[PDB]
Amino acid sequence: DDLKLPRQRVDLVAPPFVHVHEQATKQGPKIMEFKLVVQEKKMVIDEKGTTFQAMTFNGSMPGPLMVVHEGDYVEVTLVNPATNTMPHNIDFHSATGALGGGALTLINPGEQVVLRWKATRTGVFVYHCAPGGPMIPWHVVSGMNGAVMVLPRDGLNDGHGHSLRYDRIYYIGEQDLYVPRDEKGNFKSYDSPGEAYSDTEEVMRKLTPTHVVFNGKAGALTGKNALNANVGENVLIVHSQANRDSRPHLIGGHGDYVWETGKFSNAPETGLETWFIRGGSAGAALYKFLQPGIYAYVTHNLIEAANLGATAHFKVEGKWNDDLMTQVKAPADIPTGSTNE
């Protein structure tokens, strides 16, 4: 029975940015059309230049954020070009049936498939490849995961009948990676994903990542690729982790409104210091910036954040508020008449 709704083609953009969308809408349900192209390729994952045999949707880790509204249909064309070596598929945690779509989307290199799923559940959700068996974790931790956001048609709210609107949105995909080392402790390089598999599975089995990165590599979202904001802006930070827990924290800020389980039918928690993304999920936090300067956005296992790659920066423009915080006395020599024992 043909589905007779308007169609809208969406052009995806690379994370941490997000394709243009409306928050609140008075449009009715549409068939929202997306295309994802699998790309297997070697990628650089850390500041020392370590390479990795990655597998991606659309060439990025994470895959791009898709945004629709409650009641829309999502029609995804998944493409597996013949330059790839592996079969792939896609599982939407937002979707109902057939293992999230994985049981309807298995494609060999040289094939494509078209899946439609109804967006009946609001929130942010993981999507990931899941070919079967041990290939499921391997494809996911090789980079084959992203997220989809299903907004209420009226946009976000605080769970107490007040509208919430973001000025800016960023998507932070966190990736646990498992890179083999040689006898001397150096990371090993491989010429194909298949050649990396056996050694990689051994590292995976011990459940300790070698790297934990945002946007696919250590330092991806620092330096010149820091995330911009301004004092007074309400920023939505979507965070996903398809395989392993995370504990996001905005250093020098808070989560004003946090859906740590990621589902907008639940009221957000207020005023959090650190929240928790359970592996296999996406969550989201709103924050209104109150101070200018550099903020570091981390997982608050600080070892992961500082030493395995999992730090992003915000650079926030505006005027400093000395009522909220001030340096009363700059560093000075301890007074000779001090005690301090």
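Residues carry their position along the shown sequence, with the first being 1.
- Checked against the record, the higher mean CA B factor of 24-32 and 299-307 lies with 24-32.
- The stretch with the higher mean CA B factor, choosing between 275-283 and 36-44, is 36-44.
- The PDB entry assigns the greatest CA B-factor among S246, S94, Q175, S163 to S163.
- In this structure the maximum Cα B-factor among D191, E269, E201, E233 is found at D191.
- Sort the chain's modelled residues by C-alpha temperature factor and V213 lands in the lowest third, per the entry.
- For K118, the recorded CA B-factor ranks within the middle third of the chain. Only modelled residues enter the ranking.
- Among all modelled residues in its chain, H128 ranks in the lowest third by Cα B-factor.
- Looking at the C-alpha B-factors along this chain, the one for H88 belongs to the middle third.
- Split the chain's modelled residues into thirds by C-alpha temperature factor. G159 is in the highest one.
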